[PDB]
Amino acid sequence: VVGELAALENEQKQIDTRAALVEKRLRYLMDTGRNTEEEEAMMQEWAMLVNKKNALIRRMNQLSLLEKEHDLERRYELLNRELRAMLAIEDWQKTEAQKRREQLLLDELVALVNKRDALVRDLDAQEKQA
């Protein structure tokens, strides 16, 4: 659904430029007090266009967090298979730079689990506000 998320970013650009073309009109029709007929019609569109923007943002939030979760999991799954192959080689066979290379691979692996944990922590603070 990668082609959906790029389409929703331009759908959001269609929404808030229509919403910017509505809010200056609805301010001018209220401050001058011009037409009460097109003031009822502009308020039900602007309430629709704000609630359509809010439903499009929170679906774009849950698609962006799922895309980051999929990318961090496949980077974790790759780096774990590289580390399993490195740690199966004995200590005396590799060089001293290659032993400190696999320590950095281990630190990067703990960093990826903490990044995946941060997506869990961020989704926990998002749902209690929603």
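One rule holds for the numbers: they count along the sequence shown, beginning at 1.
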> Mean C-alpha B-factor higher for 21-29, or for 104-112?
Replying inline: 21-29
> On average, are the C-alpha B-factors higher in 89-97 or in 70-78?
Replying inline: 89-97
> residue 58: which third of its chain by C-alpha temperature factor?
Replying inline: middle
>> Which third, lowest, middle or highest, does the C-alpha temperature factor of residue 34 belong to within its own chain?
In response: highest
